[PDB]
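Quick notes on the structure that follows.
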2 protein chains.
Amino acid sequence: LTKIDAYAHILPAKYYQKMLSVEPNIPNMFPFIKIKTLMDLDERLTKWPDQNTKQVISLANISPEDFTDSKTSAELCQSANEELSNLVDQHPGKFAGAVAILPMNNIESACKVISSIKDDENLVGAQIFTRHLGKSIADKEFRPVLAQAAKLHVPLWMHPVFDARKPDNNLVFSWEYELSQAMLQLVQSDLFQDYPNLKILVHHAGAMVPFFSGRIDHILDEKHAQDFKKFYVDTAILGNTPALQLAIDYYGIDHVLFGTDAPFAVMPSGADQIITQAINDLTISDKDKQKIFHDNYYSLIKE
Amino acid sequence: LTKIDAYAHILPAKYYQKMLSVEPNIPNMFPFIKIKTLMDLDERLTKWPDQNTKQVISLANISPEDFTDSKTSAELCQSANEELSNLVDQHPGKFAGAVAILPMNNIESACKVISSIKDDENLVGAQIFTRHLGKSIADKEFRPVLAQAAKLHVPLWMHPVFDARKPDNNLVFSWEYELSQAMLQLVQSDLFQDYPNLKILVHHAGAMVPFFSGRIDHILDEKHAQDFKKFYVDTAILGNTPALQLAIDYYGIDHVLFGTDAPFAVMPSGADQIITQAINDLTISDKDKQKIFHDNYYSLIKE
Ligand code: NA
Ligand code: NA
Ligand SMILES: [Zn+2]
Ligand SMILES: [Zn+2]
């Protein structure tokens, strides 16, 4: 037993410095640059939250697709993935694996990224967002990428982004609504009808689905209602034992993975402590806790 | 024996016919008109869900303020509240009380309605929506109405409405996000700092709050995070025992009230049975179940 934090975030120094050359106004546009452990690898390693934790690292949301053309974005993402792969290789007692960035403005190249994940031990999946370039993840534009991941058995990490079209976006509730929207949009566009074996890991314990499963069941038909159960979820809800229990009740124990949203929310290095405590406070077996902390991650990434 | 369903909906026959003369596009724009237990009283009573249930009745969201001017709206709301009061008086073994409509385009008249609730035994509170006139319920314009209800110890029923400014509104998730936005907007505009004894009952079990309380506690300061616990909630989430448990853990047993959203979602007459079952399946005491089914409502309505 060792704890695998399946959803932690990083900004690798060379990629970050490449993205500053693309737009030097980025430290103004993105407030989370302040967090030292996101930016500074030695800071992260020094103030490491638990010695019994390894992290699965993915890029924080400064994606090249939002700043450059299709070709330059593909080059920047390949470079970022290479750097991410190196970080796991170089620090294998700290990083369990890395989640690759996709150039969603370059569909051909994004498909190549999915294919390259099988060829690299350090790259463990790819990260998708609830919206790419102002379109839903469920948009036909990105469906080939999702189809490729299903075909090759690559697990996808799904992350929220603010929808700028919606007024009153905030850090409290908007991202969770965005996660729920995206799942609904994927489900109703027949994603799991076409690809039942596709694995998506959803940030923040499946967002609004466990609490409002009663609605899903009564609004959607049988096949689509049950398709919401195909998602895997992390535990990144900052504690909350009974909410994590509700998530297990809906998804089953094998779909719930330890995840923290590190280094965010808890300074300096994320919420490893409060989340670990909340999983430990669950009235479930030790086998079940080991699945959450450890086993479910390895089931997810099996190829 | 008696359960009090604190959040059930009704379209009183005379009121609905008055509204049809204002807008003939009403059955077209509002699809839920086909539910015959909502608008036809004898149908509702014939097909009554449970003999040991009394309902607290509020209007479904066809409100004068969205179609008529401030004078006509105030007039129509007064006529609706009178008919609502009449329905309870005339059928006291079915209706435990009624929730009044506010003309939020007529603040003067809205305040008078809050005042009228003390004068009338059949009216037990007033209904507010998450947005009125395309503005937040937290807008300064509506604040004297909330202030009056706090002053007069009138409880308010809060109901979601689609925010038309946001794309991709659906029946699964969008209403729950709007309740959560509303609560945050009220808390952060110092509603419970100015009026800590104000009682607002929130539809759908506090929406996203019990699941994402960890997010609330880590983003907002002490006083505003804890203000979210001042809301009372119903049990209108279509079953889901462990989610109901999550809400009890967050709000405490005194703040969780049986409510169905009747007659919606479950034909012909609402989800009384799946929700009653859900509450009976909770691993709590009979006293606690009694509070939920019955006692919390009567504490809520105490003047
Ligand atoms: Na791999
Ligand atoms: Na009264
Ligand atoms: Zn995150
Ligand atoms: Zn309702």
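We name chains A, B, ... by the order of the sequence lines, and we start the count at 1 in each one.
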Heavy-atom pair with the smallest gap, counting every atom of A:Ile292 and A:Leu282: CD1-CD1, 4.1 Å
Nearest heavy atoms of A:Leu198 and A:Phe192, plus distance in Å: O-CE2, 3.4 Å
Options B:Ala247, B:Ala205, B:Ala265, ranked by heavy-atom pairs under 4.5 Å with chain A, top entry: B:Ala205
Tell me, yes or no, whether the heavy-atom count around A:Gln185 atom CD, taken from other residues, nucleotides or ligands under 6.0 Å, exceeds 12. yes
What part of A:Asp168 gets within 4.5 angstrom of chain B, counting heavy atoms only: side chain, backbone, both, or neither? both
Below 4.5 Å from any heavy atom of chain B, which atoms of A:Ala271 appear? Answer side chain, backbone, both or neither. neither
Are the side chain of [X] and the backbone N or O of [Y] linked by a donor-acceptor pair below 3.5 Å?
| X | Y | answer |
| --- | --- | --- |
| A:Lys135 | A:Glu141 | no |
| B:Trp175 | B:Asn169 | no |
| B:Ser63 | B:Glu65 | no |

Between A:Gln181 and A:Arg131: side-chain donor-acceptor atoms closer than 3.5 Å: no
Are side-chain N/O atoms of A:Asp5 and A:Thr53 paired as donor and acceptor at under 3.5 Å? no
Given the options A:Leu171, A:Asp163, A:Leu244, A:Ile274, which has more heavy-atom pairs under 4.5 Å with chain B than any of the others? A:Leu171
Specify which of A:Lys166, A:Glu176, A:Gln245 makes the most heavy-atom pairs with chain B at under 4.5 Å. A:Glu176
Whatever's closer than 4.5 Å to a heavy atom in chain A on B:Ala278 counts as neither
When the 4.5 angstrom heavy-atom criterion is applied to B:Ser136 and chain A, the contacting part is neither
Just checking heavy atoms, which of residues 207-241 of chain B are less than 4.5 Å from chain A? B:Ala207, B:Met208, B:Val209, B:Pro210, B:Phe211, B:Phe212, B:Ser213, B:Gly214, B:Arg215, B:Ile216, B:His218, B:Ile219, B:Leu220, B:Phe228, B:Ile237, B:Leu238, B:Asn240
Could A:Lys3 and A:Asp272 be called an ion pair, given the rule that one side-chain N must be under 4.0 Å from one carboxylate O? yes
